[PDB]
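Here's a solo chain for you in structure tokens, the form deposited in one PDB entry.
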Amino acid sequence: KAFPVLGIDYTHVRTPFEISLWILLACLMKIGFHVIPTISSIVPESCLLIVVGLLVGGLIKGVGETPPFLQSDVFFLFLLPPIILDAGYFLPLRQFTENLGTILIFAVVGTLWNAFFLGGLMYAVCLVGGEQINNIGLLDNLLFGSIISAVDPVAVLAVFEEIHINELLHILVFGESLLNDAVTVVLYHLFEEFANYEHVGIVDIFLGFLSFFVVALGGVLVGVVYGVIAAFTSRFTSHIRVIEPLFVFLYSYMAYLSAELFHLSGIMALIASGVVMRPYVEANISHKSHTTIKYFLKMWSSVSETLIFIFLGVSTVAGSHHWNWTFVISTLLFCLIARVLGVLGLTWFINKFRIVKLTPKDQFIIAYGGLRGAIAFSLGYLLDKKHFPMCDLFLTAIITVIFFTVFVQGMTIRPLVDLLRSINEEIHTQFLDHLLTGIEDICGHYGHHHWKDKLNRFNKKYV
């Protein structure tokens, strides 16, 4: 072996080198996606991720490499918490807690409605469907409904602008996307366990109903504990500042792993930890370190979403498919109907319980514009084959729903929704505002203003 060291050993660097190649290709298409004059405001970013995944999967198929896969430990530990923490860190806590009621209604109740409505209707279709969609059952199909209701409406916000997206709809879709990705994972684990009980009684249904809230709220509690710890330890990192971002990421990640340790909701723990630490940081942290934290979250979430959509591409062009016309067409149509019915019903229920109503503009955007991706696919991809023997059909339905809801429901929402400050004003605005508040404080109904003032008193006390 002349020239001893020299070699061409490529097995040593395949996973890191090819993952770097994928992230490089996705980044190069992003810098080839914002240079086209007006295309970032016509087509969502998720479409670019889909197309990048399709090209990478096509390259993998053409070369002949065995396509890589999510290990169901890399997703739930290394690829999910980036996305969740990026989403739930820059949550506008003011707007989020002002109308927290409607956000919780949409996210939790609308996600449960989507999940159970899709489960029931897909079960009804399977019962009366061909011999290759029978024997799916209820729990195996209700789990599919819960997976496919993991929806990301906030991507549609990229297609709009400051106009048509008020501070109400923006926070509504933002919180809906967050807590929907939380509730769908909670339901995913719940149904994935219920699908091996072989006897689901009423007592088991009640226990699952309790465990839903126990998982979610235990995640919230772990998150606030780690957020308080991060808020405290951020006061002392003024001496060494390149460690300031690291403490935020470490404490959020440890909150996620402490929630997932006890099988609580890691996503809700991540969200709660970020939301708790954010106000008490950015005041104890320098501007440079806060700007970094922002950049870190953005690009690390972008890398994670890129990787998820690359896996989607490689499993849609180079994977196993079990296309069923009845199941796939029914799931497309029923996802649209379940989403629309949930949005309409819940908006009707909550307009009468609030001051600022939800216009048909934002009702249409929420109902038509909730687009799947990067969590629906990954949740439906990590389904076992031993359990859920039909999981290839579920993957085909989920991929078709993602493509239809991103390319047809996201590329045809802006050209489908536009067709369906004097000095006085300022003075008076502040005036009416101080007026209403005083009045609300006189009547006394314990709305949200009272709670926020109590929160502020608590904050002062701590400080």
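All residue numbers are counted from 1 along the displayed sequence. Under this definition, the rigid core comprises the largest set of C-alpha atoms superposing within 1.5 Å between the forms.
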How many residues that are in the deposited sequence but not in the model lie between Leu420 and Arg421: none, 1 to 3, 4 to 9, or 10 or more? 4 to 9
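What comes next is about the form deposited in another entry, which does not appear here.
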Displaced position between this form and the one not shown, chosen from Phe144, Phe311, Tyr226, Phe106 (C-alpha, 2 Å or more, rigid core): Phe311
Cα displacement of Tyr123 between this form and the one not shown reaching 2 Å, rigid core superposed: no
After superposition on the rigid core, does the Cα atom of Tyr295 shift by at least 2 Å between this form and the one not shown? yes
For a quick test of reading the superposition: does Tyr368 move by 2 Å or more at the CA between this form and the one not shown, rigid core aligned? no
Inter-Cα distance between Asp384 and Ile308 in that other deposited form, nearer or further [3 Å or more]: farther
Out of closer and farther, which fits the Cα atoms of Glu162 and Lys452 in that other deposited form compared with this form, where the change is 3 Å or more? farther
